[PDB]
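Below, in structure tokens: the form deposited in one PDB entry, a single chain.
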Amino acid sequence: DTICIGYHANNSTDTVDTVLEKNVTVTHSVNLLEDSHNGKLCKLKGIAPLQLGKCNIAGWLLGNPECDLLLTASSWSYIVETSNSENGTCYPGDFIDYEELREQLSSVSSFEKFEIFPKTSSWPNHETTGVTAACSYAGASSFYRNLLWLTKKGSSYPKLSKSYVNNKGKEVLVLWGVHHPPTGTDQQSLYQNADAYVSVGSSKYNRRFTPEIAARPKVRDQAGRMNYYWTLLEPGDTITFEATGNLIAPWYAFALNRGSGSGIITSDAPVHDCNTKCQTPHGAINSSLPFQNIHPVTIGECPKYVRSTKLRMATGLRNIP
């Protein structure tokens, strides 16, 4: 009569590496490395990302006429741009502190557009009709929907002064622009004043802009330039615009409550109603495991990115059938 001491074996083909030996076959093992994704852009924190259609963030904020797609959410957990986000600033120039703004707008809990300076009643002493072929809609010269091009009325551009008080109970993002004619002749033809300036001020913000007149190459067939500026106006504060020329005035602005800690994903992966805690440009991933090799640039609560193709932990023992 005999009794023997022994250990389990099975049909497992699972292999792991050990410090002493490569590719050891074991009876049981577990994966520590998330190597797969769902190929989709999902909701983060139960909230969908902002989708801008044909436009980038600048075109959307300024109201590029090709952004007339009216459906933007009132809130978002991050922002998606694609290979199709082509419509930006249609009138050429610099968007100042653009990256800072994109970062600061990457998540919001409430967002609303409103008319800050109504076109019809705000500017009795100036011409509001300015358009440009550089921003066209339906084959006709047009302009940004959220800005207004002010020019001289009947050979006069008097000093303008316009103030807005923020009663919205949240931040107001105010955008404007400053136009830079290519020549001094164009300056006078538009604004009448060679010495023109733009002043913008609030309790926190103070800045003065003057036209920089230079012979320049045509961009989108425009020798002129427009620089774009913005500030976040606090609840209760006032913002005041003064100009003797060159002001591209706010028409519409945005009231919002900023979130924090989000960003922008650039991906052509399709947006879906799925939920995730971790989003990658390739698609969403499961966040339960400690490590992932899908992508280093992620948004969410995410496993740590590693270059590893395999991290597999032995649980059972050496399989010796």
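The term rigid core refers to the maximal set of C-alpha atoms that superpose within 1.5 Å between the two forms. All residue numbers refer to positions in the sequence shown, first residue = 1.
According to the PDB record, 21-29 carries the higher mean C-alpha B-factor of the two stretches 301-309 and 21-29.
The PDB entry reports B-factors from which the mean C-alpha value can be compared for 184-192 and 170-178; the larger average falls on 184-192. Residue-level inspection of the entry shows that, of 253, 69, 265, 62, 69 has the top Cα B-factor. The entry lists C-alpha B-factors for 90, 96, 160, 138, and the highest of these is at 138. The entry lists a Cα temperature factor for residue 51 that places it in the middle third of the chain's modelled residues.
Sort the modelled residues of the chain by CA B factor and residue 86 lands in the highest third.
Remark: residue 127 belongs to the highest third of its chain, ranked by C-alpha B-factor as recorded. Residue 118: CA B factor lies in the highest third for its chain, per the PDB record.
Residue 214: CA B factor lies in the middle third for its chain, per the PDB record.
One more form of this protein, deposited in another entry, exists but is not displayed; see below.
Put simply, after the core is superposed between the shown form and the other one, 72 is the one residue in 163, 136, 199, 72 with a Cα shift of at least 2 angstroms. In this overlay on the rigid core, residue 240 has a C-alpha that sits less than 2 Å away from its partner position between the shown form and the other one.
Positional change of residue 147 between the shown form and the other one stays under 2 Å at the C-alpha, relative to the superposed core. Positional change of residue 302 between the shown form and the other one reaches 2 Å or more at the C-alpha, relative to the superposed core.
Between residue 94 and residue 260, the C-alpha separation grows by 3 Å or more in the other form, relative to the conformation displayed.
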